[PDB]
Amino acid sequence: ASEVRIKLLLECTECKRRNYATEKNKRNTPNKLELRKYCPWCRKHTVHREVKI
Amino acid sequence: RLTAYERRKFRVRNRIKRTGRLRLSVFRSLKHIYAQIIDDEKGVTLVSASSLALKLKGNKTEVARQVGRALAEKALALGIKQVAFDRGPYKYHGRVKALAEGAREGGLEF
Amino acid sequence: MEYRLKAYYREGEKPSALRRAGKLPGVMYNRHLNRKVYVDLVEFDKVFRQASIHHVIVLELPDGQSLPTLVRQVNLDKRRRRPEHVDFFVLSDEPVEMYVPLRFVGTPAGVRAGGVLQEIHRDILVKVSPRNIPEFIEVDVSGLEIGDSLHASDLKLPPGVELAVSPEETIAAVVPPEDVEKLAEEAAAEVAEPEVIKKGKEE
Amino acid sequence: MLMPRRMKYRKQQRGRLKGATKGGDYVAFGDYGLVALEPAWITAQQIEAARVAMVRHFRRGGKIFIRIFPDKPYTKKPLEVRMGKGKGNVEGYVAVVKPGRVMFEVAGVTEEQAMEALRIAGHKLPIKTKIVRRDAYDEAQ
Amino acid sequence: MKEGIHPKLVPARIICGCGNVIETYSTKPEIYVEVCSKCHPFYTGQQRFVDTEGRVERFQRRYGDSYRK
Amino acid sequence: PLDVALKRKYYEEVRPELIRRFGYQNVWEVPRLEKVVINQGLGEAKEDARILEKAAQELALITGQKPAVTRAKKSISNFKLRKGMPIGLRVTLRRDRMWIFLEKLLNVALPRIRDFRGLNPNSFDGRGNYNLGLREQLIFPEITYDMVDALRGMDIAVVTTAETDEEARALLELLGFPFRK
Amino acid sequence: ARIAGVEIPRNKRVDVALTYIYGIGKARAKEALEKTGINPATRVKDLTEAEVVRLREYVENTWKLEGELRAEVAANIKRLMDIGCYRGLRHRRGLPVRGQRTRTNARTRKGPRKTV
RNA sequence: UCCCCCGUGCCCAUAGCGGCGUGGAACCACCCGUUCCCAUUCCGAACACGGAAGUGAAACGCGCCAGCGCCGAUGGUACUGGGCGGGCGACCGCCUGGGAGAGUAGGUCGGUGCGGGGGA
RNA sequence: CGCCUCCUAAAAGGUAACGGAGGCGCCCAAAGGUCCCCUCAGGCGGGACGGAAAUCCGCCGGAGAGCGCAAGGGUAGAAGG
RNA sequence: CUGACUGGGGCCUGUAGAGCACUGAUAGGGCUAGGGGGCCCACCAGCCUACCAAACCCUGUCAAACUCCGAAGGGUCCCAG
Ligand SMILES: NC(=[NH2+])NCCC[C@H](N)C(=O)O
Ligand SMILES: [Mg+2]
Ligand SMILES: [Mg+2]
Ligand SMILES: [Mg+2]
Ligand SMILES: [Mg+2]
Ligand SMILES: [Mg+2]
Ligand SMILES: [Mg+2]
Ligand SMILES: [Mg+2]
Ligand SMILES: [Mg+2]
Ligand SMILES: [Mg+2]
Ligand SMILES: [Mg+2]
Ligand SMILES: [Mg+2]
Ligand SMILES: [Mg+2]
Ligand SMILES: [Mg+2]
Ligand SMILES: [Mg+2]
Ligand SMILES: [Mg+2]
Ligand SMILES: [Mg+2]
Ligand SMILES: [Mg+2]
Ligand SMILES: [Mg+2]
Ligand SMILES: [Mg+2]
Ligand SMILES: [Mg+2]
Ligand SMILES: [Mg+2]
Ligand SMILES: [Mg+2]
Ligand SMILES: [Mg+2]
Ligand SMILES: [Mg+2]
Ligand SMILES: [Mg+2]
Ligand SMILES: [Mg+2]
Ligand SMILES: [Mg+2]
Ligand SMILES: [Mg+2]
Ligand SMILES: [Mg+2]
Ligand SMILES: [Mg+2]
Ligand SMILES: [Mg+2]
Ligand SMILES: [Mg+2]
Ligand SMILES: [Mg+2]
Ligand SMILES: [Mg+2]
Ligand SMILES: [Mg+2]
Ligand SMILES: [Mg+2]
Ligand SMILES: [Mg+2]
Ligand SMILES: [Mg+2]
Ligand SMILES: [Mg+2]
Ligand SMILES: [Mg+2]
Ligand SMILES: [Mg+2]
Ligand SMILES: [Mg+2]
Ligand SMILES: [Mg+2]
Ligand SMILES: [Mg+2]
Ligand SMILES: [Mg+2]
Ligand SMILES: [Mg+2]
Ligand SMILES: [Mg+2]
Ligand SMILES: [Mg+2]
Ligand SMILES: [Mg+2]
Ligand SMILES: [Mg+2]
Ligand SMILES: [Mg+2]
Ligand SMILES: [Mg+2]
Ligand SMILES: [Mg+2]
Ligand SMILES: [Mg+2]
Ligand SMILES: [Mg+2]
Ligand SMILES: [Mg+2]
Ligand SMILES: [Mg+2]
Ligand SMILES: [Mg+2]
Ligand SMILES: [Mg+2]
Ligand SMILES: [Mg+2]
Ligand SMILES: [Mg+2]
Ligand SMILES: [Mg+2]
Ligand SMILES: [Mg+2]
Ligand SMILES: [Mg+2]
Ligand SMILES: [Mg+2]
Ligand SMILES: [Mg+2]
Ligand SMILES: [Mg+2]
Ligand SMILES: [Mg+2]
Ligand SMILES: [Mg+2]
Ligand SMILES: [Mg+2]
Ligand SMILES: [Mg+2]
Ligand SMILES: [Mg+2]
Ligand SMILES: [Mg+2]
Ligand SMILES: [Mg+2]
Ligand SMILES: [Mg+2]
Ligand SMILES: [Mg+2]
Ligand SMILES: [Zn+2]
Ligand SMILES: [Zn+2]
């Protein structure tokens, strides 16, 4: 992790709870990450969006 | 020095053997298609079938399909049910795929 | 010439025992036989300096046999510079690979110019029937200078004896002599200090 | 004078001097050799001294063969320092030499010339030596 | 063959200046040229276009022989 | 397959003279054409106008075959070269298209070459394959002076089943390859 | 690249575009068009394809041109340089060959002024 | 059970490189085509399909050659567990048990399991 | 001054010195999962611009290439493309 | 009754020694690019070298951080004292 390589949270797009924490290079991947992850509250897979940490 | 044929044969067949299941190996010539089920631990063939054996007709795809059911027919009579399909150096397609679909029609579980 | 040597059989004697009885431990073999032998060290030496690995020694074995052998291997005591074991290769009627001496004929001109005949090979390894060992193989070195050379290709071989080393293998050469008038240049010779080989992100 | 053109490492550990020579124990090139009778680190300066003495006796003629190379870096701390604070500076190179080695051979010269040059060479060396003649045992090697 | 990437080859009429018609295949159904194998000097043996010369130098001068002897 | 004068000329006139000239005892021993390879070693459209598609569209007309990209295996300081950069084109002509291309090459293309002296007879692989160069692309009938902009040539490989130069020279010369000497 | 090894410009008259071929000047322009009866003033564009091949054939077969002209004229210069004659000595240095003075000028054969 | 071919394994170059010779009934290749399923950063080369005129040329298989490559004793030595001596030392010896590597003789142009096709 | 690699280290593991040598304080949205296909470096010969080295063709070439970065281990019957 | 130690048996190891197949070192010789020097040339090529010498090979060697090899021992498990 550095200034360019940030830590970030993944928020379930449906119920809105952050379920995952990961990292990206916001110069290499300047867009908000969108990732299908398992959400344990919805208890199904859902698109997760990068949300500020 | 190995070929792309030999590396392929080795690669798919190494992964099959890792699973440890009996392998439905298929050989395919310009004319015929041959299939035997092999216990790799005893290094012994269990049951065989070929277009050259049953002296099957013409269209290689339907011929391969029938050697599949034939391989199945004798297979299940020997207690064989589950197996792993060894396409070796062949892409799962046409003739080799027809033999598979026919072998499954017989009741070979794979 | 053809040399002789009393030889004796051994079984369980220790080599060190044999070597303090003045006896040289040995072995005899070919594709048919293999026997542990010894040969009285003083008698062997007097034979080996005359009959290196080129000429035949016949071993008078104590069982009444007399077998024609070439010395195939002499193990020396690296510490004391003394023979410590001999391989006797028992010949049969079939061909064999062996070393045959090179007898350098003539006086090189580059040697008359001050040079030095560097005799890289004093024998050559050559396949030949045993009924047919040449005493040597003459070599004309008279027309060599500094720095000319000969090879096994230039070896003119007698009958029934074929080269068994690559004819591209140099055998003689004539180099310049040692000369004091080079010392001052070699003494006043700055040397760049050694270089370590770069490790890591430097290479 | 003799020393590696280059090396993978600058500083070798000291090692031992036990045993007879590994190899180099037979006259392999010339007509007479100078054989080492006891172990030592032979420095480059020693080797060069022994060479120069042999060419200087030969005046002009003959060929000297040097069959030892000083590749071991020899290190020494600067004077009047304490122990510690790292390994000393490489100050020379030596050739490990063990009983049996043939350090030098000669060719192209009378027997008296080789016996004498090789004797003078021995005096320059930090050890005992013998003078050997190329033998049939040497040829059989 | 893959489709959509390859220009169709069709029967083609090449025409050179020497009235040669080539019954070949191409992407242009009818092309002209100014030369062809049926007329090129290297091909047509040695139709040495102009200078079938002899040089004619450096002895063919011969203007003349009238100097005395 | 198509009826092509060259292909027909191989079997009728070139095949039996080869058998004659060498005495083969199998029909497959006689030299055959296997492939022709074309390669514009561009190296100019690296970081310059990478729309070398102009030449891709050029070769596609010459061969009737869409060439494929060639990219650099390593970066090179002095060539302004970075690993992976596009630096040319290659197209593998076989069978009917190989014959049709060689046909126009030996008929139309080679003669249009500036001051044509004939092909370099010492350019045979050593293995019985042949390679020649070109300095232009107007050499072909399908490239008209109007539609062209810059001057690009190509490298040509004509691969043969013949094991030797001597056999391969016979095949190509019999087919109509004009050799200077 | 039609005639004759070159591609003569359109938009211009033939006689004048024929000069744009190594080996043809105004003279050989009005000695070609007259021999094959094509009006000199005719624009290269408006050339009949039969007119063209008649224009090609005459100039390509009567006069040494383009490559082959450059070929010999080098050998002419090559041979003077080799027989060791005074015209060749001026070629082997790049010096003016036709008597001109060299104290000053002679910048055409010398090129721009090499300072000192 | 005996030979030949086709599969598929085991040992892991004594199995390889090279040279030569041989095989097409069968089988296997190449082959013949690219309609069709499928395929080419281009290419029916490969992959794939439908075929059956030809050829064992390539590949494959089988023999044969020791130039290379690989394997390699016996004997002797180094070294050494344990036991003892000697030298100011650098170091050197002896007993008992173990015992290389290099090299030498020499070996090798594979051996074998299982199923399938053919041959007596 | 913490961490990684090699050696020292006495053929299990571990083992010290202000002993011999290098690295880390990152990075990758693919440089990650899986399926499918592919096989290097290098050397010889051949080919416009084109060279020691760009791209192309042939032959040889068990891994000396590659695996983001030190070093070691591992590795093409892939961990490489 | 499992212990130290000991018997037999299996597996793990990379030291001692040795080696040069790798990474490096290395003296000489052979061979043979590139250079230096000398005849000849500037007209672009040649010819000669007791000069320095890449790569290849040969003879002969070196290495804690080299290993195609490789012990004695050591470790550990089972059975037995
Ligand atoms: N048998 C033995 N374990 N010997 C080991 C070496 C013994 C003694 N140091 C010697 O050099 O002889
Ligand atoms: Mg196929
Ligand atoms: Mg004695
Ligand atoms: Mg110390
Ligand atoms: Mg000292
Ligand atoms: Mg010290
Ligand atoms: Mg210190
Ligand atoms: Mg110190
Ligand atoms: Mg010193
Ligand atoms: Mg020594
Ligand atoms: Mg002394
Ligand atoms: Mg045919
Ligand atoms: Mg050639
Ligand atoms: Mg060929
Ligand atoms: Mg054109
Ligand atoms: Mg002009
Ligand atoms: Mg088989
Ligand atoms: Mg064969
Ligand atoms: Mg045959
Ligand atoms: Mg057949
Ligand atoms: Mg037949
Ligand atoms: Mg179609
Ligand atoms: Mg259809
Ligand atoms: Mg399709
Ligand atoms: Mg096809
Ligand atoms: Mg057919
Ligand atoms: Mg064949
Ligand atoms: Mg195959
Ligand atoms: Mg072994
Ligand atoms: Mg051995
Ligand atoms: Mg032994
Ligand atoms: Mg002890
Ligand atoms: Mg001892
Ligand atoms: Mg002992
Ligand atoms: Mg013992
Ligand atoms: Mg050992
Ligand atoms: Mg051994
Ligand atoms: Mg030796
Ligand atoms: Mg045999
Ligand atoms: Mg073999
Ligand atoms: Mg073979
Ligand atoms: Mg088998
Ligand atoms: Mg088995
Ligand atoms: Mg069987
Ligand atoms: Mg620290
Ligand atoms: Mg350790
Ligand atoms: Mg440790
Ligand atoms: Mg340890
Ligand atoms: Mg230990
Ligand atoms: Mg532990
Ligand atoms: Mg400190
Ligand atoms: Mg640091
Ligand atoms: Mg991707
Ligand atoms: Mg990966
Ligand atoms: Mg390559
Ligand atoms: Mg090249
Ligand atoms: Mg090139
Ligand atoms: Mg060029
Ligand atoms: Mg690597
Ligand atoms: Mg780094
Ligand atoms: Mg008990
Ligand atoms: Mg216990
Ligand atoms: Mg216990
Ligand atoms: Mg025990
Ligand atoms: Mg070691
Ligand atoms: Mg050691
Ligand atoms: Mg080495
Ligand atoms: Mg060796
Ligand atoms: Mg050591
Ligand atoms: Mg060593
Ligand atoms: Mg170590
Ligand atoms: Mg071994
Ligand atoms: Mg053990
Ligand atoms: Mg134990
Ligand atoms: Mg213990
Ligand atoms: Mg044990
Ligand atoms: Mg007990
Ligand atoms: Zn949710
Ligand atoms: Zn024409």
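A note on names: the letters A, B, ... follow the listed sequences, proteins ahead of strands, and every chain is numbered from 1.
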Complementary nucleotide for J:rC11 - Watson-Crick or wobble, under 3.5 Å:
J:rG75
Indicate, with a heavy-atom threshold strictly under 4.0 Å, whether C:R79 touches base, sugar-phosphate, or nothing.
sugar-phosphate
With stacking defined as ring centroids separated by under 5.5 Å and planes differing by under 30°, is D:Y9 stacked against J:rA65?
yes
Taking only the side-chain nitrogens and oxygens of B:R11, find out if one of them lies under 4.0 Å from OP1 or OP2 of I:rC38.
yes
Could you tell me if the side chain of D:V97 sits less than 4.5 Å from the side chain of D:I68, heavy atoms only?
yes
Are the ring of B:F10 and the six-membered base ring of I:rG77 within the stacking cut-offs of under 5.5 Å and under 30°?
yes
Applying the 3.5 Å cut-off to both distances, the Watson-Crick or G-U partner of J:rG24 turns out to be J:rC62
Is C:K14 touching bases, backbone alone, or none of the nucleic acid, heavy atoms closer than 4.0 Å?
sugar-phosphate
Does any nucleotide pair with H:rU112 by Watson-Crick or G-U wobble geometry, both distances under 3.5 Å, and what is it?
H:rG9
Of all the nucleotides listed (H:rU74, H:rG106, I:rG46), which has the minimum atom distance to the side chain of F:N131?
I:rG46
Paired with H:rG61: which nucleotide, if any, by Watson-Crick or G-U wobble criteria at under 3.5 Å for both distances?
H:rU22
Would you confirm whether the neighbouring bases H:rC88 and H:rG89 count as stacked, given the thresholds of 5.5 angstrom between ring centres and 30 degrees between planes?
yes
Classify D:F69 by what it touches in the nucleic acid, base, sugar-phosphate, or nothing, heavy-atom distance under 4.0 Å.
sugar-phosphate
Counting side-chain heavy atoms from CB outward, which of I:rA48, I:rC38, I:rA29 is closest to B:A4?
I:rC38
Watson-Crick or G-U wobble partner for H:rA66, using a 3.5 Å limit on both distances?
none
For B:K55, report the nucleic acid contact type (base, sugar-phosphate, nothing); a contact means any heavy atom under 4.0 Å.
nothing
Please name the nucleotide paired to H:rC36 by Watson-Crick or G-U wobble geometry with both distances under 3.5 Å, or report none.
none
If stacking means aromatic ring centre less than 5.5 angstrom from the base's six-membered ring centre, planes under 30°, is F:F79 stacked on I:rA54?
yes
Within the 4.0 Å heavy-atom criterion, would you say D:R14 contacts the bases, only the backbone, or no part of the nucleic acid?
nothing
Once hydrogens and angles are ignored, does a donor-acceptor distance under 3.5 Å link the base of J:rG17 to the side chain of D:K22?
no
Hey, does D:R51 reach any base, or is it just sugar-phosphate, or nothing, if we go heavy atoms under 4.0 Å?
nothing
Scan A:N28 against the nucleic acid and name what it touches under 4.0 Å (heavy atoms): base, sugar-phosphate only, or nothing.
sugar-phosphate
Would you indicate what F:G133 reaches in the nucleic acid, counting non-hydrogen atoms under 4.0 angstrom: base, sugar-phosphate, or nothing?
sugar-phosphate
